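Inspection log for the structure reproduced underneath, given as structure tokens.
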Amino acid sequence: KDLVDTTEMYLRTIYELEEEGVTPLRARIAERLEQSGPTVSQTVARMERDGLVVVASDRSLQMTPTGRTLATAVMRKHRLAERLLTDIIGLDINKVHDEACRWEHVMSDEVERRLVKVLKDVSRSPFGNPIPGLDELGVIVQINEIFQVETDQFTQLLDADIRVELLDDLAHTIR
Amino acid sequence: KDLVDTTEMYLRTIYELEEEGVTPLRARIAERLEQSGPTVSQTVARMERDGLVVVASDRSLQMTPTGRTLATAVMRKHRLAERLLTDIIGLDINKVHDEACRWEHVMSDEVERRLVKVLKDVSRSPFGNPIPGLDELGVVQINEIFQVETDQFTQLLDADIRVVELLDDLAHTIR
Amino acid sequence: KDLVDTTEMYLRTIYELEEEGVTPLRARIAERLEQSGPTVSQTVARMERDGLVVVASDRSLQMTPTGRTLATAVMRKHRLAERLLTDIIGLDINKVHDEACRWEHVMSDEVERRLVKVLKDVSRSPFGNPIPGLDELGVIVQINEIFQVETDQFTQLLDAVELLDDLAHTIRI
Amino acid sequence: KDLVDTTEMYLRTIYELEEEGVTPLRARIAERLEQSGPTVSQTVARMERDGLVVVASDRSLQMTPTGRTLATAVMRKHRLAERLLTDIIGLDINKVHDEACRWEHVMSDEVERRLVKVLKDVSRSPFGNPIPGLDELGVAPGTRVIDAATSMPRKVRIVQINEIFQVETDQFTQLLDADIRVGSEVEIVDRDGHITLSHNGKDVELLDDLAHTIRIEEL
DNA sequence: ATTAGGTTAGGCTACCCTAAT
DNA sequence: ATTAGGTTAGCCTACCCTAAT
Ligand SMILES: [Co+2]
Ligand SMILES: [Co+2]
Ligand SMILES: [Co+2]
Ligand SMILES: [Co+2]
Ligand SMILES: [Co+2]
Ligand SMILES: [Co+2]
Ligand SMILES: [Co+2]
Ligand SMILES: [Co+2]
């Protein structure tokens, strides 16, 4: 419980939802980030005030171009870190996602570029998630980021040697 | 300007001052961290309230054992990160200290251990600073304060110096 | 800890400060009502949004006519209740101010008027505080409202003492 | 629209329902306090969470002993306030119930006791509703009207007006205007479907739902 | 009565600041 | 440093609601 950077985790979340094909709703962010309703609605307002996102007429969250850009950069940083964490540092595969969930917020663009070089392929994350917005950087198919967080159900997935019945909610999670 | 974790950078700074042989004074933290006087005196009060440090009868800051412990862990994380950034990632040497000033607050104990393994020697930081509290982990030199002084440090790098006239303040910086 | 009606107790407080001759500052409200700084600053913003008060260029609180009006009505209701509580109900004199601090927020204009009738004089509260705005209703000198709250120092006053430098400007005469 | 204290008004309401012999259901509270379905269900949850009441297997609301104790103290506070309001303050009889519905939530146990002293009898409220839990404070039933009416009318004495009726404005003000007060000698019939009272040649037709909310005597 | 998704009012702490003591 | 007074981000709870089940 410490998003490190709240705004970033909110945008990464919207991004994620989009990835999973779900409609970005304040409610989503709420449950996903385990934050109170009023809370997320407020933090989101702040965001909108900073032209990072806009709550549509239908309550859906449309990241502004600028908000979108950042959301992406974060997703990219996340997956890149995961790759380095596993490929190079060789950190335990379960802890990898969490560690990255933190680093995504403190990794510079340079370090990112350096990683591109030092890393073999940078197509996808260790979990098969395609690493985004690399163009801009100036340089089973996959288990969605949302599943990677589901520890209990994920380790049950790892106990099966997967690179097991999934909760109806986690259904649309593994592409 | 974003300590990432205020308390940590506060303790790491007290630690650092001790290193340079300076007396840890609220005043130091203030200038070093470019923060208002009242601000630091209050943040510190918070710390004291959390038995992380105590303001001596002589206004000096004495980290409690527990505060001391964390202070150490942070410095450790810092230098460890620096080594990885340079040795492995190969990130530009000037940017190295800053990136680490960030990572130190989001690097887990595990990744640290993994680093110990993947890294050659972990005696000192790329700047010659002795990596501390490795014992506890369960597994000459340009002071940290100089590494921040970009202009004066790059003037130091323009002279090809690895582990001229330095500001009287930066004097006790290079041991 | 339950203002019953926040906005009211905020206004009544600004009124009170004015009475004691103190400059109404968010800071005052905070300490007086034992509420966080950010909290009172926000609740006040709400008030200002409802044209009940405005934060001066010098950070002082100037109740708008409307705000002022309400603030007064509250103070009036408070003292009237106190009188009723002591004179008619005969409730213990220390508990009186507290009970009133509650009733002030749920007493109607009518009840007030009825009270004026049933009560002897309604010049001041049992604590000598002059009952205000009896006109819109259409109808030792005194221990300030702020002192009536200081239980320990007040009962020492009832046991009759030296008053805290802060509570100094509290008892007029 | 401002219960002053939500929890209290909810409990007082369950209390009331029990009094009128109605089954305490979330639905009742909803209509009675004009609050959305979801709303009351949730506020009740909170209550249950605070062991104030429990939603039976049959969806009925059973106040825990603690919840019950509070409900009672509120009803007591209400009726005591009403008495003071009328007997002492002499506030208009219609405004009396509303003022009380507010005061009930801010009147101390002490003030209550003082009232007991200052007040003559404290058997019932100005509307004939018996003041409860005077024991905790530490200090006969009439026939529902709906039961006394007949095809052929009869004179009878108003003995009780339930707290629920006092809220039915058009309905309450109406009776209050026929100059009907507790003690009035009134006439009552079951004329083609509905029950009606007549005090001063004035006739007041009771809503079928309210017919139960008025206890009667026999002169 | 519940599921789904919001809301406002009112309150809080951590952390940061300028001016005047 | 401290007094004095205030500020933003980030959070929570008690309560209320409508649309759709
Ligand atoms: Co991940
Ligand atoms: Co994260
Ligand atoms: Co360094
Ligand atoms: Co740092
Ligand atoms: Co008073
Ligand atoms: Co009050
Ligand atoms: Co009543
Ligand atoms: Co009520």
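Protein chains in written order, with the entry's author numbering: chain C, 2 to 140, 165 to 188, 211 to 222; chain D, 2 to 140, 166 to 189, 211 to 222; chain A, 2 to 140, 165 to 185, 211 to 223; chain B, 2 to 140, 147 to 226. The C-beta atom is built at its ideal place from N, Cα and C for all residues, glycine as well.
- For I165/B, the enclosing beta strand (DSSP E) has its first and last residue at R161 to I168.
- Distance from the C-beta of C102/B to the nearest heavy atom of ligand 6 is not below 7 Å.
- Listed along chain C are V5, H106 and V107, each with a C-beta nearer than 9 Å to that of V5/D.
- Interface with chain B (8 Å Cβ-Cβ cutoff): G91/A is included.
- Contacts between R115/C and chain D, judged by CB atoms closer than 7 Å, involve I90, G91 and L92 in chain order.
- Here the alpha carbon of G91/A sits roughly 16 Å from the alpha carbon of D88/B.
- It is roughly 28 Å from the alpha-carbon of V75/A to the alpha-carbon of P127/B.
- Under the three-state reduction of DSSP, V23/C is assigned to coil, being neither helix nor strand.
- Taking a C-beta distance under 8 Å as the contact criterion, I153/B and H219/B qualify as a contact pair.
- Runs of the alpha helix (DSSP H) spanning 4 or more residues and lying entirely within the segment 52-83 of chain B do not occur at all.
- Shortest gap from the CB of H98/A to any heavy atom of ligand 1: 7 Å or more.
- Beta-bridge pairing by DSSP links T87/B to no other residue.
- Annotation: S37/A to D51/A spans about 21 Å, alpha carbon to alpha carbon.
- Near chain C, meaning a CB-to-CB distance below 9 Å, the residues of the segment 116-134 of chain D are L116, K118 and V119.
- DSSP places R103/A outside any beta strand (DSSP E); the residue lies instead in the alpha helix (DSSP H), whose first and last residues are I94 to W104.
- Separation of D6/D and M108/D (C-alpha to C-alpha, rounded to the nearest whole angstrom) is 12 Å.
- Judged by DSSP secondary structure, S205/B falls within the beta strand (DSSP E) whose first and last residues are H201 to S205.
- Between the alpha carbons of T67/A and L53/A lies a gap of roughly 6 Å.
- For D177/C, there are no CB contacts under 7 Å within the same chain when 5 residues up- and downstream are skipped.
- Not one beta carbon of chain A lies nearer than 8 Å to the beta carbon of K2/B.
- Not a single CB atom of chain B sits nearer than 8 Å to the CB of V23/A.
- As the crow flies, the alpha-carbon of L34/C is around 36 Å from that of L26/B.
- Under DSSP, no beta-bridge partner is assigned to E17/C.
- A Cβ-Cβ contact shorter than 8 Å links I171/A with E17/A.
- For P148/B, the secondary structure class from DSSP, reduced to helix, strand or coil, is coil.
- Between the alpha carbons of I94/A and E113/A lies a distance of about 20 Å.
- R114/C has no beta-bridge partner at all, per DSSP.
- By the rule that beta-carbons nearer than 8 Å mark a contact, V166/D does not touch chain C.
- Around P133/A, the same chain offers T73, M76 and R77 as residues with beta carbons nearer than 7 Å, after the five sequence neighbours per side are excluded.
- Secondary structure note for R50/C: its alpha helix (DSSP H) is the uninterrupted segment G38 to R50.
- In the assembly as shown, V97/B is a buried residue. Its beta-carbon has 16 or more other beta-carbons within 10 Å.
- For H79/C, the shortest C-beta to heavy atom distance toward ligand 1 is below 7 Å.
- The closest heavy atom of ligand 1 lies 7 Å or more from the beta carbon of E35/B.
- If you look at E192/B, you'll find it in the beta strand (DSSP E) that goes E192 to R198.
- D210/B is bridged by DSSP to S205/B.
- Taking 8 Å as the cut-off, the beta carbon of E49/D is found closer than this to the beta carbon of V55/D.
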